Amino acid sequence: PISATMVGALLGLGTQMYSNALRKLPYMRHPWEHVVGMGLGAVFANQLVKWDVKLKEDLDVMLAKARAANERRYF
Amino acid sequence: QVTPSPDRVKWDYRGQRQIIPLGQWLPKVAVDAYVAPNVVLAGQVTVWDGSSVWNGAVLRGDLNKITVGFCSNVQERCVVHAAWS
Ligand SMILES: CCCCCCCCCCCCCCCCCCCC(=O)O[C@H](COC(=O)CCCCCCCCCCCCCC)COP(=O)(O)OCCN
């Protein structure tokens, strides 16, 4: 379906084209750079998803400790 | 008397250079401007974004500045020159 790899590749390709356009160059001026951008975008999107999972995992434990410290009041 | 030189170039394999600098006067062409291959730009010439200079035109800025503005066109075999005053 719509995987992080595909979203990232599309974003990387879009980044290269947007960069070319901003510089008033043809969209496909250096195509190997478009390939590089697709690769980097895919890598970055996958890494972001994994980091999001890990971040939620750490926030869970930290909220657990906060809750325990708060519950110590009613002892 | 007409005394020739034996070393004068009869055939130049490079053809006519499109961009002719003149000291520090270097013609400036925008990256999104079309300049036909056989056009000659010399000296103080500025060709701006979206403009176009077509086959056989000559733009010689050796006495004053020459400017082709945004989205303007100088068409085939035009000659654009300038004077001191
Ligand atoms: C697998 C597809 C993607 C692979 C990309 C290459 C491998 C990754 C290595 C890092 C690539 C990063 C991007 C390289 C270019 C960065 C920007 C350089 C542009 C620049 O200003 O300097 C140019 C140097 O050219 C250069 O830097 C390029 C030099 C030669 C690289 C081009 C060959 C890429 C091969 C693609 C697949 C080949 C298939 C067979 C293996 C000089 O610009 P200039 O005067 O030379 O001309 C340009 C005409 N506007």
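Per chain, numbering begins at 1; letters A, B, ... match sequence-line order. Note: hydrogens, waters and symmetry copies are ignored here, and every other heavy atom, side chains too, is used. Ligands are counted one by one from 1 in listed order, and the atoms in each one are counted from 1 as well.
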[X] and [Y]: side-chain donor and acceptor closer than 3.5 Å?
X: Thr5(A); Y: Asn46(A); result: yes
X: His81(B); Y: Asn64(B); result: no
X: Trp48(B); Y: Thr46(B); result: no

Output field: ring centroids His34(A)/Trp32(A) closer than 6.0 Å: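 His34(A) vs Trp32(A): aromatic centres not under 6.0 Å.
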Which pairs of nitrogen or oxygen atoms, taken one from ligand 1 and one from the protein, are under 3.5 angstrom apart?
residue, atom, partner, partner atom, Å
ligand 1, 50 (N), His30(A), NE2, 2.9

Of all heavy-atom pairs between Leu26(B) and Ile19(B), which one has the smallest distance, and what is that distance?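 Shortest heavy-atom contact: CD1-CG2, 3.9 Å.
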Sort and list the pairs that fulfil ring-ring contact (aromatic ring centres under 6.0 Å, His included) and have at least one residue in residues 47-70 of chain A, not counting sequence neighbours.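 Listed once each, the pairs would be none.
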